[PDB]
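Colleague: I'd like to ask you about the structure that follows.
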Amino acid sequence: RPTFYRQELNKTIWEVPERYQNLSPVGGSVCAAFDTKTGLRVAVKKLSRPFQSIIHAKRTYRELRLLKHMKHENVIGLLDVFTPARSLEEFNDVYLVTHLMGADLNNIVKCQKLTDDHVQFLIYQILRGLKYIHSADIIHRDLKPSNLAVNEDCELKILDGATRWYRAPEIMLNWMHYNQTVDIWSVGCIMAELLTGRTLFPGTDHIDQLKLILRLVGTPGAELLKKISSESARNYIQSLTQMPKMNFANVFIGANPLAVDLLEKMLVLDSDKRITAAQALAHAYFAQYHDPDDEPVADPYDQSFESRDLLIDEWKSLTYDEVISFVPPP
Ligand SMILES: Cn1nc(C(C)(C)C)cc1NC(=O)Nc1ccc(Cl)cc1
């Protein structure tokens, strides 16, 4: 068992094993640090008050369960996890160690002239990562460029860290049923912004958002109005100047016509028609990169915990178990 050392960092105290040197803040909260066991440079997040409340403690436990299960290269992975505590009773603090990645898709897209080749490779890696996540019955629900870690090899990982811009219409008419293809909506929103340099749908709020979305894809016709339960929603949507679906080739006129088509298949209002990750990875656009023998799915994820109402000490303790049974990767 490791031997620790304490430290005063940006108000916050920090106690991590000595395998970790030259901790310096990056913005719970995060330090860039040096992994002496591996030479490699890592991210260390101290969760902020992991067990302050039921919602906190269940979050913390969901956090540890998600990171622990994620083993794919376009998705954040967990190198190490630790607490300074020796007992369940002591147990108050949780630290997460992960690959240092530094920059996000924002830090790229706003200061590098992007080819169509970058676009292809960046979307392809989102989608392959989305495939793996979707296969475990996890929906991300918040895909946006700050949730995509990109390195200098332009190599990409998904994680969780203006939301509404990338959100499906149906998650703004708080529907709660969502298929996985809320994520393919965000992906479409992201790809377009790469091709283009501009936010596809910069709603000024959740009312604007829909105006803006409807302007491009058009108001829903009969087949779609059928599936809308709420008297509210239908009353709102049916209450607009009925709108034409715009011609994507016009909207994204200079773009690669294969990327355009893919957007069409991605930004479909009725989420039964949205292409999936597995299907997009096959679209012509990614023929440079596609490889059906290198597009793994995830082991089954047990997430029945999600519907337990538990006390702080049960979540806590479950979290402790989880820290304990941690085996590093290979
Ligand atoms: C909550 N969550 N969900 C996912 C997905 C959906 C991609 C599996 C990933 C995460 N969690 C994180 O991304 N957690 C995390 C931990 C340390 C750092 Cl430096 C940054 C982020």
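Naming scheme: A, B, ... for chains in displayed order of the structure tokens; residues 1 onward per chain; ligands 1 onward as shown.
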For ligand 1, return the neighbouring residues as a ChimeraX atom specification (distance at most 9 Å; only C-alpha atoms and all ligand atoms).

Modeller: /A:28-32,42-47,59,62-64,66-67,69-70,75-78,95-101,129-130,133,138-143,147,157-161

Colleague: Quick one: residues within 12 Å of residue 192 of chain A, only C-alpha atoms, excluding same-chain residues fewer than 5 positions away - as a VMD selection string?

Modeller: chain A and resid 109 116 119 to 120 122 to 123 166 185 to 187 197 to 201 248 to 249 251 to 256 259 to 264 266 to 267

Colleague: So which bits of segment 95-152 of chain A end up strand (DSSP E) when you DSSP the backbone, as number ranges by chain?

Modeller: A: 95-99, 148-150

Colleague: Between A:294, A:8, A:80, A:89, which residue has the minimum interatomic distance to residue 326 of chain A, considering only C-alpha atoms?

Modeller: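 Counting only C-alpha atoms, the residue closest to residue 326 of chain A is A:80.
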
Colleague: In terms of the shortest atom-to-atom distance over only C-alpha atoms, which of A:153, A:9, A:54, A:26 is closest to residue 309 of chain A?

Modeller: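 Residue with the minimum atom-to-atom distance to residue 309 of chain A: A:54.
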
Colleague: Can you pull out every residue within 12 Å of residue 15 of chain A, counting only C-alpha atoms, but drop anything in the same chain fewer than 4 positions away, and send it as a list in words?

Modeller: residues 2, 3, 4, 5, 6, 7, 8, 9, 19, 20, 21, 23, 44, 45, 46, 82, 83, 84, 85, 93, 94 and 95 of chain A

Colleague: For C-alpha atoms, I'd like the residues from the last selection saved as a PDB file, in the first residue's frame.

Modeller:
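The result, stored in again.pdb:
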```
ATOM      1  CA  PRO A   2       1.127   3.520  -1.201  1.00  0.00           C
ATOM      2  CA  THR A   3       2.641   6.266   0.935  1.00  0.00           C
ATOM      3  CA  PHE A   4       1.210   9.790   0.692  1.00  0.00           C
ATOM      4  CA  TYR A   5       2.187  13.436   0.868  1.00  0.00           C
ATOM      5  CA  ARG A   6      -0.047  16.480   1.528  1.00  0.00           C
ATOM      6  CA  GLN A   7      -0.133  19.870  -0.278  1.00  0.00           C
ATOM      7  CA  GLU A   8      -1.810  23.311  -0.305  1.00  0.00           C
ATOM      8  CA  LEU A   9      -3.193  23.964  -3.818  1.00  0.00           C
ATOM      9  CA  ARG A  19       4.039   8.449  -7.539  1.00  0.00           C
ATOM     10  CA  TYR A  20       2.523  11.715  -8.457  1.00  0.00           C
ATOM     11  CA  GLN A  21       4.786  14.715  -8.674  1.00  0.00           C
ATOM     12  CA  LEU A  23       0.926  18.702  -9.387  1.00  0.00           C
ATOM     13  CA  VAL A  44      -5.763  14.011 -11.299  1.00  0.00           C
ATOM     14  CA  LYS A  45      -9.291  15.107 -10.245  1.00  0.00           C
ATOM     15  CA  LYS A  46     -10.209  15.479  -6.618  1.00  0.00           C
ATOM     16  CA  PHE A  82      -7.480   6.446  -4.709  1.00  0.00           C
ATOM     17  CA  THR A  83      -8.291   7.729  -1.241  1.00  0.00           C
ATOM     18  CA  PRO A  84      -5.892   8.806   1.587  1.00  0.00           C
ATOM     19  CA  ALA A  85      -8.322   6.996   4.041  1.00  0.00           C
ATOM     20  CA  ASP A  93     -12.111  11.870  -0.304  1.00  0.00           C
ATOM     21  CA  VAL A  94     -12.039  10.493  -3.795  1.00  0.00           C
ATOM     22  CA  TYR A  95      -9.442  11.000  -6.495  1.00  0.00           C
TER      23      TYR A  95
END
```

Colleague: Atom CA of residue 179 of chain A and atom CA of residue 55 of chain A, how far apart in Å?

Modeller: 24.4 Å

Colleague: Write down as a ChimeraX atom specification the residues of segment 232-313 of chain A whose backbone DSSP state falls under helix (DSSP H, G or I).

Modeller: /A:232-237,248-251,257-264,277-280,284-286,304-307,312-313

Colleague: Next, dump the selected residues to file, keeping only N, CA, C and O atoms, as a CSV table (one decimal), in the first residue's frame.

Modeller:
```
chain,number,residue,atom,x,y,z
A,232,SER,N,-49.6,20.4,-24.6
A,232,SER,CA,-48.6,21.5,-24.6
A,232,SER,C,-47.8,21.5,-25.9
A,232,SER,O,-47.9,22.4,-26.7
A,233,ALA,N,-46.9,20.5,-26.0
A,233,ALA,CA,-46.0,20.4,-27.2
A,233,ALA,C,-46.7,20.6,-28.5
A,233,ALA,O,-46.3,21.5,-29.3
A,234,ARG,N,-47.7,19.7,-28.8
A,234,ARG,CA,-48.4,19.8,-30.1
A,234,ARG,C,-48.9,21.2,-30.3
A,234,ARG,O,-48.8,21.8,-31.4
A,235,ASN,N,-49.6,21.7,-29.3
A,235,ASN,CA,-50.1,23.1,-29.3
A,235,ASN,C,-49.1,24.1,-29.6
A,235,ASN,O,-49.4,25.0,-30.3
A,236,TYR,N,-47.8,23.9,-29.1
A,236,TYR,CA,-46.7,24.8,-29.5
A,236,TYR,C,-46.3,24.6,-31.0
A,236,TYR,O,-46.2,25.6,-31.7
A,237,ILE,N,-45.9,23.4,-31.3
A,237,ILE,CA,-45.4,23.1,-32.6
A,237,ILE,C,-46.4,23.4,-33.8
A,237,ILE,O,-46.0,23.8,-34.9
A,248,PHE,N,-30.0,20.9,-47.7
A,248,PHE,CA,-28.7,20.9,-47.0
A,248,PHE,C,-27.5,21.4,-47.9
A,248,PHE,O,-26.7,22.2,-47.5
A,249,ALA,N,-27.4,20.8,-49.0
A,249,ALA,CA,-26.5,21.2,-50.0
A,249,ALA,C,-26.4,22.7,-50.1
A,249,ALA,O,-25.3,23.2,-50.3
A,250,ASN,N,-27.5,23.4,-50.1
A,250,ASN,CA,-27.5,24.9,-50.0
A,250,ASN,C,-26.9,25.4,-48.7
A,250,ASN,O,-26.1,26.3,-48.7
A,251,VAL,N,-27.3,24.8,-47.6
A,251,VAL,CA,-27.0,25.3,-46.3
A,251,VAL,C,-25.5,25.1,-46.0
A,251,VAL,O,-24.9,26.0,-45.5
A,257,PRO,N,-19.9,17.0,-50.4
A,257,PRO,CA,-21.2,16.4,-50.5
A,257,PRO,C,-21.5,15.1,-49.7
A,257,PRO,O,-22.7,14.7,-49.5
A,258,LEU,N,-20.5,14.3,-49.4
A,258,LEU,CA,-20.7,13.1,-48.6
A,258,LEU,C,-20.9,13.5,-47.1
A,258,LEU,O,-21.7,12.9,-46.4
A,259,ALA,N,-20.3,14.6,-46.7
A,259,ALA,CA,-20.5,15.0,-45.3
A,259,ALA,C,-21.9,15.6,-45.2
A,259,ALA,O,-22.6,15.3,-44.3
A,260,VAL,N,-22.3,16.3,-46.3
A,260,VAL,CA,-23.7,16.9,-46.3
A,260,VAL,C,-24.8,15.9,-46.2
A,260,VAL,O,-25.7,16.0,-45.3
A,261,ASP,N,-24.7,14.8,-46.9
A,261,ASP,CA,-25.6,13.7,-46.9
A,261,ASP,C,-25.7,13.1,-45.5
A,261,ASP,O,-26.8,13.0,-45.0
A,262,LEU,N,-24.6,12.8,-44.9
A,262,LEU,CA,-24.5,12.4,-43.6
A,262,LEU,C,-25.2,13.3,-42.6
A,262,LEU,O,-25.8,12.8,-41.7
A,263,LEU,N,-25.0,14.6,-42.7
A,263,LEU,CA,-25.8,15.5,-41.9
A,263,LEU,C,-27.3,15.3,-42.0
A,263,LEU,O,-28.0,15.3,-41.0
A,264,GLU,N,-27.7,15.2,-43.3
A,264,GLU,CA,-29.1,14.9,-43.6
A,264,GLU,C,-29.6,13.7,-42.8
A,264,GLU,O,-30.6,13.8,-42.1
A,277,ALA,N,-24.8,5.4,-34.5
A,277,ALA,CA,-23.4,5.4,-34.5
A,277,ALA,C,-22.9,4.2,-35.4
A,277,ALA,O,-22.0,4.4,-36.2
A,278,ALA,N,-23.5,3.1,-35.2
A,278,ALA,CA,-23.0,1.8,-35.9
A,278,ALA,C,-23.1,2.0,-37.4
A,278,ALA,O,-22.2,1.6,-38.1
A,279,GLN,N,-24.3,2.5,-37.8
A,279,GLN,CA,-24.6,2.8,-39.2
A,279,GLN,C,-23.8,4.0,-39.8
A,279,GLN,O,-23.3,4.0,-40.9
A,280,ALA,N,-23.5,5.0,-39.0
A,280,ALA,CA,-22.7,6.1,-39.5
A,280,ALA,C,-21.3,5.7,-39.7
A,280,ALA,O,-20.6,6.1,-40.7
A,284,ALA,N,-20.2,6.3,-46.4
A,284,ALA,CA,-19.1,6.6,-47.4
A,284,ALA,C,-18.1,7.6,-46.9
A,284,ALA,O,-16.9,7.5,-47.2
A,285,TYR,N,-18.6,8.6,-46.1
A,285,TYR,CA,-17.7,9.6,-45.6
A,285,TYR,C,-16.5,9.1,-44.9
A,285,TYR,O,-15.4,9.7,-45.0
A,286,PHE,N,-16.6,8.0,-44.2
A,286,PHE,CA,-15.5,7.5,-43.4
A,286,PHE,C,-14.8,6.3,-44.0
A,286,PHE,O,-14.2,5.4,-43.3
A,304,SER,N,-28.5,-1.0,-12.8
A,304,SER,CA,-29.7,-1.1,-11.9
A,304,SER,C,-29.6,-0.2,-10.7
A,304,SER,O,-30.6,0.3,-10.2
A,305,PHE,N,-28.4,0.0,-10.1
A,305,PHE,CA,-28.2,1.0,-9.1
A,305,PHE,C,-29.0,2.3,-9.4
A,305,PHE,O,-29.5,2.9,-8.5
A,306,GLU,N,-29.1,2.7,-10.7
A,306,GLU,CA,-29.7,4.0,-11.0
A,306,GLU,C,-31.0,4.2,-10.4
A,306,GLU,O,-31.4,5.3,-10.2
A,307,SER,N,-31.7,3.1,-10.1
A,307,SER,CA,-33.1,3.3,-9.6
A,307,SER,C,-33.2,2.8,-8.2
A,307,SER,O,-34.4,2.6,-7.7
A,312,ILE,N,-26.8,8.1,2.1
A,312,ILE,CA,-25.4,8.5,2.0
A,312,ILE,C,-24.4,7.4,2.3
A,312,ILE,O,-23.5,7.1,1.6
A,313,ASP,N,-24.6,6.7,3.4
A,313,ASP,CA,-23.6,5.6,3.8
A,313,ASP,C,-23.6,4.4,3.0
A,313,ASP,O,-22.6,3.6,2.9
```

Colleague: If you measure from atom CA of residue 318 of chain A to atom CA of residue 14 of chain A, what distance in Å do you get, rounded to one decimal?

Modeller: 23.2 Å

Colleague: Using Å and a single decimal, report how far atom CA of residue 176 of chain A sits from atom CA of residue 210 of chain A.

Modeller: 17.0 Å

Colleague: What's around residue 228 of chain A at 12 Å? Count only C-alpha atoms, leave out sequence neighbours fewer than 2 positions away in its own chain, and write the answer as an MDAnalysis selection string.

Modeller: chainID A and resid 170 173:175 177 220:226 230:238 270

Colleague: Hey, can you spit out that residue selection with N, CA, C and O atoms as a CSV table (one decimal), in the first residue's frame?

Modeller:
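In the end it all went to result08.csv:
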```
chain,number,residue,atom,x,y,z
A,170,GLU,N,-36.1,17.2,-28.9
A,170,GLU,CA,-36.9,16.4,-28.0
A,170,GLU,C,-36.4,16.5,-26.5
A,170,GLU,O,-37.3,16.3,-25.6
A,173,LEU,N,-38.0,19.7,-25.1
A,173,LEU,CA,-39.4,19.6,-24.8
A,173,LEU,C,-39.5,18.5,-23.7
A,173,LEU,O,-40.2,17.5,-23.9
A,174,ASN,N,-38.7,18.6,-22.7
A,174,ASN,CA,-38.5,17.6,-21.7
A,174,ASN,C,-39.5,16.5,-21.8
A,174,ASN,O,-40.5,16.5,-21.2
A,175,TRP,N,-39.1,15.5,-22.6
A,175,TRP,CA,-40.0,14.4,-23.0
A,175,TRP,C,-39.8,13.3,-22.1
A,175,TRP,O,-40.8,12.5,-21.8
A,177,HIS,N,-38.1,10.2,-22.7
A,177,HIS,CA,-38.0,8.9,-23.2
A,177,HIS,C,-36.7,8.6,-24.0
A,177,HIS,O,-36.1,7.5,-23.9
A,220,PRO,N,-42.6,19.5,-38.2
A,220,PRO,CA,-42.9,18.1,-38.4
A,220,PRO,C,-44.3,17.9,-39.0
A,220,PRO,O,-45.2,18.6,-38.7
A,221,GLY,N,-44.3,17.0,-40.0
A,221,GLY,CA,-45.5,16.7,-40.7
A,221,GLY,C,-46.2,15.5,-40.0
A,221,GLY,O,-45.6,14.8,-39.3
A,222,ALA,N,-47.6,15.4,-40.3
A,222,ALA,CA,-48.4,14.4,-39.9
A,222,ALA,C,-47.7,13.2,-39.1
A,222,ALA,O,-47.9,13.0,-37.9
A,223,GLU,N,-46.8,12.4,-39.8
A,223,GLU,CA,-46.3,11.2,-39.3
A,223,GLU,C,-45.6,11.4,-37.9
A,223,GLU,O,-45.6,10.6,-37.0
A,224,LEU,N,-45.0,12.6,-37.8
A,224,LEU,CA,-44.3,13.0,-36.6
A,224,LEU,C,-45.3,13.5,-35.5
A,224,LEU,O,-45.1,13.1,-34.3
A,225,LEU,N,-46.2,14.4,-35.9
A,225,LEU,CA,-47.2,14.9,-34.9
A,225,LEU,C,-48.0,13.8,-34.2
A,225,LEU,O,-48.4,13.9,-33.0
A,226,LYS,N,-48.2,12.6,-34.9
A,226,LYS,CA,-48.8,11.4,-34.3
A,226,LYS,C,-48.1,10.9,-33.0
A,226,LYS,O,-48.8,10.4,-32.1
A,230,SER,N,-48.0,15.1,-25.5
A,230,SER,CA,-48.4,16.3,-24.7
A,230,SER,C,-49.2,17.3,-25.5
A,230,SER,O,-48.8,17.7,-26.7
A,231,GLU,N,-50.4,17.7,-25.0
A,231,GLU,CA,-51.2,18.8,-25.5
A,231,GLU,C,-50.4,20.1,-25.6
A,231,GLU,O,-50.5,20.8,-26.6
A,232,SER,N,-49.6,20.4,-24.6
A,232,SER,CA,-48.6,21.5,-24.6
A,232,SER,C,-47.8,21.5,-25.9
A,232,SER,O,-47.9,22.4,-26.7
A,233,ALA,N,-46.9,20.5,-26.0
A,233,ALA,CA,-46.0,20.4,-27.2
A,233,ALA,C,-46.7,20.6,-28.5
A,233,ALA,O,-46.3,21.5,-29.3
A,234,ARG,N,-47.7,19.7,-28.8
A,234,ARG,CA,-48.4,19.8,-30.1
A,234,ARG,C,-48.9,21.2,-30.3
A,234,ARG,O,-48.8,21.8,-31.4
A,235,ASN,N,-49.6,21.7,-29.3
A,235,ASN,CA,-50.1,23.1,-29.3
A,235,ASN,C,-49.1,24.1,-29.6
A,235,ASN,O,-49.4,25.0,-30.3
A,236,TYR,N,-47.8,23.9,-29.1
A,236,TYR,CA,-46.7,24.8,-29.5
A,236,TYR,C,-46.3,24.6,-31.0
A,236,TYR,O,-46.2,25.6,-31.7
A,237,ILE,N,-45.9,23.4,-31.3
A,237,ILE,CA,-45.4,23.1,-32.6
A,237,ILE,C,-46.4,23.4,-33.8
A,237,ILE,O,-46.0,23.8,-34.9
A,238,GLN,N,-47.7,23.0,-33.5
A,238,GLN,CA,-48.7,23.2,-34.6
A,238,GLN,C,-49.1,24.6,-34.7
A,238,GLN,O,-49.9,25.0,-35.6
A,270,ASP,N,-37.5,13.4,-36.4
A,270,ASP,CA,-38.0,12.2,-35.8
A,270,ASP,C,-36.8,11.2,-35.5
A,270,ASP,O,-36.3,10.6,-36.4
```

Colleague: Would you please work out which residue, of A:214, A:189, A:16, A:149, is nearest to residue 81 of chain A when using only C-alpha atoms?

Modeller: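 Of all the options, A:16 lies closest to residue 81 of chain A.
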